[PDB]
Protein chains: 2
Amino acid sequence: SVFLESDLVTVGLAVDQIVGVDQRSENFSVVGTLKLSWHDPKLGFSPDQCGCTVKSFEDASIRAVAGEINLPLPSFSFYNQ
Amino acid sequence: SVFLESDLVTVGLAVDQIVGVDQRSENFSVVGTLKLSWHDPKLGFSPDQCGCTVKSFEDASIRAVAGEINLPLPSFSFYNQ
């Protein structure tokens with residue numbers, strides 16, 4: 001590709017339970033799960049430098065990880081939160 | 001043994017009081033106590049270096065202590081919290 005290509009992201013969502021509806025303020029609350037997947041060669045690492053096949057980050061948002069590793073990542077938000 | 005073995009953890013829980021039930025949002029609240037116990041030789045120390053028989057950490061979660069001492073510990077969570 002002579003021109004740069006946009007990275008392709010796969011997304012999925014599931015709903016577990018609707019836990020409340022407010023008819024005067026017009027809002028509702030929901031419980032569910034979210035999943036994202038993408039492929040980026042810039043995040044690759046060499047196994048011999050960690051002795052492991054998986055590198056993980058816990059209890060952090062995508063924005064925080066992006067600011068820690070200084071690479072662009074696909075951050076997201078809920079529109080009507 | 002030739003292959004590595006998992007560490008064995010002992011657990012116990014007690015319930016003191018049920019303090020509320022929500023019939024519209026379908027949740028309840030409870031007060032109780034939790035206890036964990038395990039054995040790991042990597043946590044051992046030499047008494048002559050502290051003059052003490054017990055080393056303690058207070059007001060911290062297991063994850064925080066694991067991040068402070070840089071050793072794997074059995075962290076836990078409540079599934080429906």
# chains A, B, ... in the order shown; residues from 1 in each chain; ligands from 1
>>> residues_around(residues="range 14-27 of chain B", least_positions_apart="4", cutoff="7 Å", atoms="only C-alpha atoms", output="list in words")
residues 19 and 20 of chain A; 31, 32, 33 and 34 of chain B
>>> select_by_dssp(residues="chain A", states="helix (DSSP H, G or I)", output="PDB file with N, CA and C atoms, in the first residue's frame")
ATOM      1  N   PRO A  41       1.691  -3.881  14.239  1.00  0.00           N
ATOM      2  CA  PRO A  41       3.075  -4.365  14.381  1.00  0.00           C
ATOM      3  C   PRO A  41       3.952  -3.510  15.284  1.00  0.00           C
ATOM      4  N   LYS A  42       3.594  -2.248  15.534  1.00  0.00           N
ATOM      5  CA  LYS A  42       4.419  -1.393  16.383  1.00  0.00           C
ATOM      6  C   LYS A  42       4.416  -1.828  17.842  1.00  0.00           C
ATOM      7  N   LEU A  43       3.440  -2.630  18.258  1.00  0.00           N
ATOM      8  CA  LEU A  43       3.383  -3.115  19.631  1.00  0.00           C
ATOM      9  C   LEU A  43       4.164  -4.404  19.838  1.00  0.00           C
ATOM     10  N   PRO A  47      10.313 -12.151  22.547  1.00  0.00           N
ATOM     11  CA  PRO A  47      10.014 -13.028  23.689  1.00  0.00           C
ATOM     12  C   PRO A  47      11.175 -13.224  24.650  1.00  0.00           C
ATOM     13  N   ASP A  48      12.401 -13.226  24.126  1.00  0.00           N
ATOM     14  CA  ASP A  48      13.578 -13.548  24.924  1.00  0.00           C
ATOM     15  C   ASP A  48      13.887 -12.479  25.962  1.00  0.00           C
ATOM     16  N   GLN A  49      13.197 -11.347  25.899  1.00  0.00           N
ATOM     17  CA  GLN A  49      13.428 -10.247  26.824  1.00  0.00           C
ATOM     18  C   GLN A  49      12.460 -10.280  28.001  1.00  0.00           C
ATOM     19  N   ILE A  62      -7.630   2.434  28.201  1.00  0.00           N
ATOM     20  CA  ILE A  62      -6.807   2.479  26.996  1.00  0.00           C
ATOM     21  C   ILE A  62      -6.015   3.781  26.939  1.00  0.00           C
ATOM     22  N   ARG A  63      -6.610   4.879  27.415  1.00  0.00           N
ATOM     23  CA  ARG A  63      -5.912   6.163  27.429  1.00  0.00           C
ATOM     24  C   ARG A  63      -4.672   6.111  28.314  1.00  0.00           C
ATOM     25  N   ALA A  64      -4.792   5.500  29.494  1.00  0.00           N
ATOM     26  CA  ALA A  64      -3.657   5.415  30.406  1.00  0.00           C
ATOM     27  C   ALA A  64      -2.531   4.572  29.820  1.00  0.00           C
ATOM     28  N   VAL A  65      -2.871   3.435  29.210  1.00  0.00           N
ATOM     29  CA  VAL A  65      -1.855   2.588  28.595  1.00  0.00           C
ATOM     30  C   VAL A  65      -1.196   3.309  27.426  1.00  0.00           C
ATOM     31  N   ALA A  66      -1.988   4.028  26.628  1.00  0.00           N
ATOM     32  CA  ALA A  66      -1.431   4.793  25.519  1.00  0.00           C
ATOM     33  C   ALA A  66      -0.474   5.869  26.009  1.00  0.00           C
ATOM     34  N   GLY A  67      -0.812   6.546  27.108  1.00  0.00           N
ATOM     35  CA  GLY A  67       0.092   7.527  27.677  1.00  0.00           C
ATOM     36  C   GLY A  67       1.320   6.928  28.328  1.00  0.00           C
ATOM     37  N   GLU A  68       1.240   5.672  28.769  1.00  0.00           N
ATOM     38  CA  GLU A  68       2.390   5.009  29.372  1.00  0.00           C
ATOM     39  C   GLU A  68       3.364   4.451  28.339  1.00  0.00           C
ATOM     40  N   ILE A  69       2.866   3.917  27.218  1.00  0.00           N
ATOM     41  CA  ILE A  69       3.750   3.349  26.203  1.00  0.00           C
ATOM     42  C   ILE A  69       4.034   4.314  25.059  1.00  0.00           C
TER      43      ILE A  69
END
>>> select_by_dssp(residues="chain A", states="strand (DSSP E)", output="list in words")
residues 9, 10, 11, 12, 13, 14, 15, 16, 17, 18, 19, 20, 21, 22, 27, 28, 29, 30, 31, 32, 33, 34, 35, 36, 37 and 38 of chain A
>>> atom_distance(atom1="CA of residue 10 in chain A", atom2="CA of residue 36 in chain A")
5.7 Å
>>> closest_residue(among="A:80, A:57, A:35, A:70", to="residue 13 in chain A", atoms="only C-alpha atoms")
A:35
>>> atom_distance(atom1="CA of residue 37 in chain A", atom2="CA of residue 9 in chain A")
5.7 Å
